[PDB]
Amino acid sequence: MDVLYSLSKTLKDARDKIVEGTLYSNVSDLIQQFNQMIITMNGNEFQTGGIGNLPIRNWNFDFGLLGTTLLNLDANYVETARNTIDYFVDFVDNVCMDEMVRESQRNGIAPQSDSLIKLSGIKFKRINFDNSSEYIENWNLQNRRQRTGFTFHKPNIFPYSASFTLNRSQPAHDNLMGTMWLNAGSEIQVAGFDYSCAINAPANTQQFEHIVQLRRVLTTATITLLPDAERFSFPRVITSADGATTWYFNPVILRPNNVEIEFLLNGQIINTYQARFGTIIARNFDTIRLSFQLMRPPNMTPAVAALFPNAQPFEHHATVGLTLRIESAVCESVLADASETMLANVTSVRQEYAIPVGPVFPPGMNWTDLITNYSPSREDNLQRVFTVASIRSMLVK
Amino acid sequence: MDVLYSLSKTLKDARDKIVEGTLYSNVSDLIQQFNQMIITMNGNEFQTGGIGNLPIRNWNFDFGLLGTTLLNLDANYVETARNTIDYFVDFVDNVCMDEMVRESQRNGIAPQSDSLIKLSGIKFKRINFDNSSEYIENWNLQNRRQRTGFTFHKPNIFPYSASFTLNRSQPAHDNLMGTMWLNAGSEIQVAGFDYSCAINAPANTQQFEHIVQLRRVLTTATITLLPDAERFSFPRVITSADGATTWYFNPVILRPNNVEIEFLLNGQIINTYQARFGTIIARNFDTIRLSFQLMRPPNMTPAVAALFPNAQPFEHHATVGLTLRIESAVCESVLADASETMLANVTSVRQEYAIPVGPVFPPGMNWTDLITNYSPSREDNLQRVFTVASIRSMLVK
Amino acid sequence: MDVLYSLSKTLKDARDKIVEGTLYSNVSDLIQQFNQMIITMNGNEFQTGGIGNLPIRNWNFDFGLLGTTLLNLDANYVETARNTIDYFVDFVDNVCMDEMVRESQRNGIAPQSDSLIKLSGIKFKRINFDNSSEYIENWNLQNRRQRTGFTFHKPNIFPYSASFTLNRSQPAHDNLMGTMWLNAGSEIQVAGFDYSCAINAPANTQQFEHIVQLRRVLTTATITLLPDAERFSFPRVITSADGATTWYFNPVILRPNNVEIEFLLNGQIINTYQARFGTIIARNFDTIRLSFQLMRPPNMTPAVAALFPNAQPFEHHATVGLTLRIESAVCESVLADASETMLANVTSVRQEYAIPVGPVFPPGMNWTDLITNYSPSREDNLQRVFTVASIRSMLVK
Amino acid sequence: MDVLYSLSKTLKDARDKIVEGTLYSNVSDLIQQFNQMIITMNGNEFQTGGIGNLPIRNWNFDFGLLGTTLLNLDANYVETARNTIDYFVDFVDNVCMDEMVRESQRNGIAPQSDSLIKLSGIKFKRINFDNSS
Amino acid sequence: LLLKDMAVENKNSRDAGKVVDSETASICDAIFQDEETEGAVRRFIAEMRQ
Ligand SMILES: [Zn+2]
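Residues numbered from 1 in each chain as written, not as in the entry; some residues may be left out. Chains lettered and ligands numbered in written order. Part of a larger assembly, values for the part shown. Heavy atoms only, no water.

**Details of the coordination of the zinc ion**
Then comes step 1: Here the zinc ion is held by the protein donor atoms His153 of chain A (NE2) and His153 of chain C (NE2), which lie 2.6 Å from it. Of this pair, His153 of chain A sits in strand β3 (residues 150–153) while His153 of chain C is found in strand β3 (residues 152–153), placing the two residues in two different chains.
Then comes step 2: On the basis of relative accessibility, which here comes to 5%, the residue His153 of chain A falls in the buried class. (Donors = N, O, S within 2.8 Å, 3.2 Å for Na, K, Ca; no water. Helix = DSSP H or I, 4+ residues; strand = E, 2+ residues; numbered from the N terminus. Buried < 20%, exposed > 50% of the residue type's maximum accessible area, 1.4 Å probe, protein only.)

Take a look at the structure:
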């Protein structure tokens, strides 16, 4: 595999450092590496494709090495080179794609394609070099067993979940108490509502709580926590839990009281914040617990008092909420986020070539389904497949 | 042009790899490249500025080479070097800026300034080197007429558009049906409203649709799709279509029914998603079509039933909506996005030097105006100008 | 200090370019640099830790070097090398962490730890090399007293602030006029409300204004400006200014009239935009001023007219708002943003090792507190500490 | 059959007793046995599968002996060895599985697969060893 | 360079052990006999064949 990597950085640092006008010596160390390749290759033949709509093209090698005309390259030098590169580019593309579609439950962490299986062969190792591309960097460190780690902006850790839980309800749905939320991507919005405005509640306070369990631990997370859940601050007509009817939600928002956010790891509180809105750091956690309360206002102007009567009908529904967004974080496992194109690359190549659903990944590489049941097999396959996508993007975007 | 590039990576990899200490051997390959430059330059004379409030400055060259002698580097070596670099820095800055202001209809792609036009000369080509900077990388591939491509976080593809369309209206605006939306940057929010809650509609369902045509194709897009349009979930007083009066919008939100998102390319459906909220991939499209419905709730608790009478006045306006955000995508054309400073750099240099409006770009480099009428000339000029901004940011931020 | 840097890029470019197979002549220039180090070190003793829950591990040096022969690398070569690297890694980690906790009122910009103070020594300078990591790049340019600069996506310039100002109020809070806002991170949302809908106001227009003073100047900012403040578009029960009671806010939204955004620098208007929504550029500013008005609709349909009576009670509260988001910008001072992990790294190391609160940073490295009173000492310490975090992340994530 | 057995204890006592570090003479008696194998093999082509969803895989043999030298086994020695073992492992697996599914009435105790039938051949017996399992 | 052109007999040991050059040779025969050299030494010297 690592083999593969090189092939590219070779070409990139090539299609880049090899231009009409640079002094030879700026590529002396490079040129070499290159040739070395051609050699090892020539002779051996390859097969790519042979699945879904993916074409089966046959590649063969027969190339002459590279000259060295002294003192900065002459145009002619380039063109005779570029012609050779273009065959490798169009090659790798086909190589990546071919191994970017196969999946395997048993050993879905190793090479699948006839193309790559042949590369892991020993007679090729002679190429590997400059492993600085963040992904390969972590691919190695994992083969030896050590502390990996990636960087993500607005990580996609929460499978889509939009629902509610009625802690107090009745057929008419005219005096409910519970929570409703939206967990998606890197964001959580949760609202706690009490139609009675805690009129009969101890200390006139209703407690709420929202717990979210991550499928993977996030470390070094920079998080924005804000009071209120705008998403649940407007009038709604919602389906009942049993789907038999619809209820009316007419919120009026109050500040969440006694806000406490806990970032836990294996049941232990690692970070805890009491009513701290703005930017907070959660250094290592697999669970987020948001606790907040609705406290009936002890003093009310007439306009406010009018919204909260001592007896039903309760027409204005007291609501308190929180919004939490993970701006950035590090994860030991690959994940989709708001900046990297890996998931999109893998998903796109599979869609374009009409690749049949396999035994590992959910239909369409669906993110929610994937992260919901993020098994070891799916993760190993995802990492292999993401690393290949990153190798491909060095040359083909 | 490519020439220009080098000049910088030369300086960067210079002001970076050259310091009090290190071994010669780590820069041997570098030092050379450098000198090579000085030579080609010396003797030549330049001129930058002259437009608007931009100062005119002349530059000459007559500099000594570099001691290729020493083993290690002594402080003294650096200082005698840094002094020479600083003249080039302050130079390039003035060079960039001077070519970052001029526009041109006929040939808005090639160089403009007396400064650069002279560089494209053959006698200077003896300086190109290490073109791994994403932008130049793509500048070349476009000259050779091949498949380019850039990477963007929250791209800026949608010109600002905030409006509505009343499909059913009357003077009193007391029983409207239509859609309202906000397309801006990488986001779309659209709501469909029916004051009558589909009371007289076939199957008690009102169909809605929102189509957005991109000015450029986006590929490998990672997109967040969520139900509801929070922006259109609150009470509003809006101006009538003819501007003669104002209407009242008092929404109550229901879940969008039969949601279907289609990402089309030249009229063909490339990706289609039915009621799938969360993260979805759109691999290649120039158009987005969002179709959704409002279905009158077949079963209603009293509180809900009360909002939707059989006869006017209709006081609670049934509304369904969708929110779509393009987190990342690739485009073959340069665009502004939420992370890159290119647009801001170009716009800022022009504003600071009071550069007069030209024949190509809209006043103030206005993004909405630019993307709305993204002509080939504007794109070629934008790419030239963005590539220069990126060359400049390697040294001056 | 710069010393430190090298130590890493040494190891990275090492644990990266040294793999079973690669051709020697790709590392010739590298190998050297490496050895050079071992030498300078051997014969030196260090000590890290001693504070809070940070272990006190001791280190010594005495190592053999590396062959220079071999066309290609044999597995055996690596392993005998990796064994030596791992001691340096586990070293640096402890070195970073030890200097990443101490703060000094006086010279919070200079080295602290017994470990590093010893490195700034002259006899170690013989190790410097390849300073291209954005942070060190800027560390130097500053030490020389020159123009710095960084890059941030969704910078964190606004300390959390969520409040209101009642310009017209009375005990019953039934006819208020004022503004409410949320400044946090890179975003500002502000709403102006007038319960009377400007019924007795000159020209039936109520003027609003919101001013935000940045603690540091931002340059080359790409900004999204949109009409409406969704956060303040829903019903709320709010505490009175004196905390003695609660008032009711029942907004109905109208388009903000005569919107004018000014980006000022030292009291001077640098950029001004009149009613321009979408993407705008603010090239250099330390203050943002948003002015907008509520204009009573001159023509109203019955439904609208009904919301705005000539006499109290005023039950629907006319509200106009704006939303402004700084997507990206450059700052001469380090700041937290939505992508970089620096703040989180520093905060996390301190939390994990139970580092006691010091004399410079607020408890918990609280961002709001830090940016609110961003003194020169806090900035120098923050930069030192952020630069170290970035050096560490090259090897340990 | 017994043949088969060896193939493994060979590999186990191999992937086990052969590691970065060990002194020479702890593999002398072993090393030998190993090589002896490679020889007998090289040249003969094999075939596994062909039934149900069992992939028809082709196997070939052409591996160099060993550097019966170095004192305290250098890392490099191992890796060049492990690479050869892994082909045999992935082999045997396929060999076992292929004969672990065929049934025969008349004479059901004997070997079935084209893979194994070929092993019971005399020219291979030169391998059997350590039947303590 | 080539080695056959430097071949030499490792006087001691089974397996017609041949070694690199003269010095290589000397040393072996030399140590072989310094009785205070771990049993592993003779062994290695021994069996190690070209
Ligand atoms: Zn963002």
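Structure shown, so let's carry the discussion forward.
**Details of the UniProt feature "binding site: Ca(2+)" in chain A**
All names here are of chain A.
Then comes step 1: Per the UniProt record, the feature "binding site: Ca(2+)" sits at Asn266 and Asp286. In sequence the annotated residues extend across 21 residues, while in space they remain close, none of their C-alpha pairs exceeding 7.0 Å.
Then comes step 2: For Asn266, a relative accessible area of 63% translates into the label exposed.
Then comes step 3: Position of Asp286 among the secondary structure elements: in strand β13 (residues 278–295).
Then comes step 4: Not counting residues up to four positions away in its chain, the partners in contact with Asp286 are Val212, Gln213, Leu214, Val217, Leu264, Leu265 and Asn266. (UniProt positions renumbered as here; feature names shortened; annotations may be inferred. Contact = heavy atoms within 4.5 Å.)

**As for the relation of the copies chain C and chain A**
Then comes step 1: Screw-axis analysis of chain C against chain A gives a translation of 0.0 Å along the axis, an RMSD of 0.3 Å, and a rotation angle of 120°. Both chain copies can therefore be described as sitting about a three-fold axis. In terms of proximity to the rotation axis, the leading residue of chain C is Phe234 of chain C, whose C-alpha is 3.8 Å off the axis.
Then comes step 2: A share of only 6% of the interface residues of chain C reappears at the interface of chain A, consistent with the copies meeting through non-equivalent patches. (Least-squares fit on C-alpha atoms.)

**Some thoughts on the interface of chain A and chain B**
Then comes step 1: On the side of chain B, 58 residues touch chain A, which itself brings 54 residues to the contact.
Then comes step 2: Here chain A meets chain B over a buried area of about 4,700 Å², counting both sides, of which 49% is carbon and sulfur.
Then comes step 3: Ranking the residues of chain A by area buried against chain B places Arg231, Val237 and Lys397 of chain A at the top, with a combined share of 14%.
Then comes step 4: There are eight salt bridges connecting chain A and chain B.
Then comes step 5: Between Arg231 of chain A and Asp228 of chain B there is a salt bridge, and its shortest N-O distance comes to 3.5 Å.
Then comes step 6: Remark: the boundary between chain A and chain B carries 23 residue pairs in polar contact.
Then comes step 7: Those elements giving two or more residues to the side of chain A that touches chain B turn out to be α1 (2–17), α2 (28–41), α3 (75–99), β5 (177–185), β8 (236–239), β9 (246–249) and α7 (342–352) of chain A.
Then comes step 8: The dominant element in the side of chain A that touches chain B, judged by the number of residues it contributes, is α7 of chain A, at seven residues. (Buried area = accessible area lost by both parts, 1.4 Å probe. Salt bridge = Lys/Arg side-chain N within 4 Å of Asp/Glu carboxyl O. Polar contact = N/O pair within 3.5 Å; in protein donor to acceptor, adjacent residues only side chain to side chain.)

**A short note on the pairing of strand β13 (residues 257–265) of chain B**
Residues and elements named next belong to chain B.
Then comes step 1: Summarising burial for β13: seven of the nine residues are buried, a large majority.
Then comes step 2: Judged from the six bridges that link them, β13 and strand β15 (residues 278–295) form a sheet pairing that is antiparallel. Among the inter-strand pairings, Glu260 is bridged to a residue of β15, identified as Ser291.
Then comes step 3: Bridging between β13 and strand β14 (residues 268–274) involves six bridges; their strand directions are antiparallel. Each residue of the ladder has a partner; that of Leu265, found in β14, is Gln268.
Then comes step 4: The antiparallel hairpin formed by β13 and β14 contains two residues in its connecting segment, where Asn266 sits at a positive phi of about 55°. (Pairing = 2+ DSSP bridges.)

**Some remarks on the interface of chain C and chain A**
Note on interface size: it is often stated as the accessible area lost on association of the parts.
Then comes step 1: If you look at the interface, chain C gives 53 residues, while chain A gives 57 residues.
Then comes step 2: Note on chain C versus chain A: buried area summed over both sides is about 4,700 Å², and carbon and sulfur give 49% of it.
Then comes step 3: Summed over the shared surface of chain C and chain A, the number is eight salt bridges.
Then comes step 4: Between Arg236 of chain C and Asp228 of chain A there is a salt bridge whose closest N-O contact spans 2.7 Å.
Then comes step 5: Our count for the contact surface shared by chain C and chain A stands at 27 residue pairs in polar contact.
Then comes step 6: Among the secondary structure elements, those contributing two or more residues to the side of chain C that touches chain A are α1 (2–17), α2 (28–41), α3 (75–99), β5 (177–185), β8 (236–239), β9 (246–249) and α7 (342–352) of chain C.
Then comes step 7: Tallying contributions element by element places α7 of chain C first for the side of chain C that touches chain A, with seven residues.
Then comes step 8: Its residues assigned to classes, the side of chain C that touches chain A shows 18 nonpolar, 19 polar and 16 charged. (Nonpolar A, V, L, I, M, F, W, Y, C, P; charged D, E, K, R; others polar.)

**Digging into the domain arrangement of chain A**
Residues and elements named next belong to chain A.
Then comes step 1: Each assigned domain of chain A is listed here: domain 1 (1–158 + 329–397) and domain 2 (159–328).
Then comes step 2: Summarising the inter-unit geometry, the C-alpha centres of domain 1 and domain 2 are found 45 Å apart.
Then comes step 3: Three residues stand out in domain 1 for area buried against domain 2, namely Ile157, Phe158 and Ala329, and they jointly supply 44% of the buried area on that side.
Then comes step 4: The interface formed by domain 1 and domain 2 holds one salt bridge in total.
Then comes step 5: The shortest N-O distance in the salt bridge between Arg216 and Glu379 comes to 2.8 Å.
Then comes step 6: Counting the contacts that link domain 1 with domain 2 gives 12 residue pairs in polar contact.
Then comes step 7: When the residues that make up the side of domain 1 that touches domain 2 are grouped by side-chain class, the tally is 10 nonpolar, six polar and two charged. (Domains from an automatic or database assignment.)

**Some thoughts on a nonpolar patch on the surface**
Then comes step 1: Judged by side-chain polarity, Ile51, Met100 and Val101 of chain D come together as a nonpolar surface patch covering roughly 280 Å² of accessible area.
Then comes step 2: Turning to its location among the elements, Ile51 of chain D is positioned in the loop between β1 (46–48) and β2 (57–59). (Patch = residues over 30% accessible without salt bridge, like charges linked within 9 Å, V, L, I, M, F, W, Y side chains within 5 Å. Areas by Shrake-Rupley, 256 points an atom, 1.4 Å probe, with all protein chains shown as cover.)

**Points about the packing of α1 of chain C against α3 of chain C**
All names here are of chain C.
Then comes step 1: With their axes 11 Å apart at the nearest point, α1 and α3 run at an angle of 140° to one another. Classified by the angle between their axes, α1 and α3 sit oblique to one another. Helix-helix and strand crossings are classified by hand; for α1 and α3 the assignment is left-handed. Residues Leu4, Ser8, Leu11 and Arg15 of α1 pack against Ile85, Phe88, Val89 and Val92 of α3.
Then comes step 2: Residue composition of the contact of α1 with α3, by class: six nonpolar, one polar and one charged. (Axes fitted to C-alpha atoms, helices over the stretch in contact; angles between N-to-C directions. Parallel < 35°, antiparallel > 145°, perpendicular 65-115°, else oblique. Left-handed = near helix turned anticlockwise from the far one by under 90°.)

**Here's the deal with the relation of the copies chain A and chain B**
Then comes step 1: With an RMSD of 0.3 Å, the fit of chain A onto chain B corresponds to turning through 120° and sliding 0.0 Å along the axis.
Then comes step 2: Here only 6% of the contact residues of chain A are again contact residues in chain B; the copies associate through non-equivalent surfaces.

**Quick look at the pattern of salt bridges**
Then comes step 1: Evaluated as defined, the whole model comprises 66 salt bridges over all chains.
Then comes step 2: Between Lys17 of chain A and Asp13 of chain A there is a salt bridge, with the nearest N and O atoms lying 3.4 Å from each other. Remark: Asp13 of chain A and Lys17 of chain A occur in helix α1; sequence separation between them is four residues, near one turn of the helix.
Then comes step 3: For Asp13 of chain A, a relative accessible area of 12% corresponds to the buried category.
Then comes step 4: Between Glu103 of chain B and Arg350 of chain B there is a salt bridge, and its shortest N-O distance comes to 2.6 Å. Taken together, the positions of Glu103 of chain B in the loop between α3 (75–99) and α4 (114–117) and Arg350 of chain B in helix α7 (residues 342–352) put the pair 247 residues apart, joining distant regions of the chain.
Then comes step 5: Judged by relative accessible area, which is 11%, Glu103 of chain B ranks as buried.
Then comes step 6: Sharing partners across several salt bridges, the network here consists of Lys9, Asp13 and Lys17 of chain A together with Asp130 of chain B.

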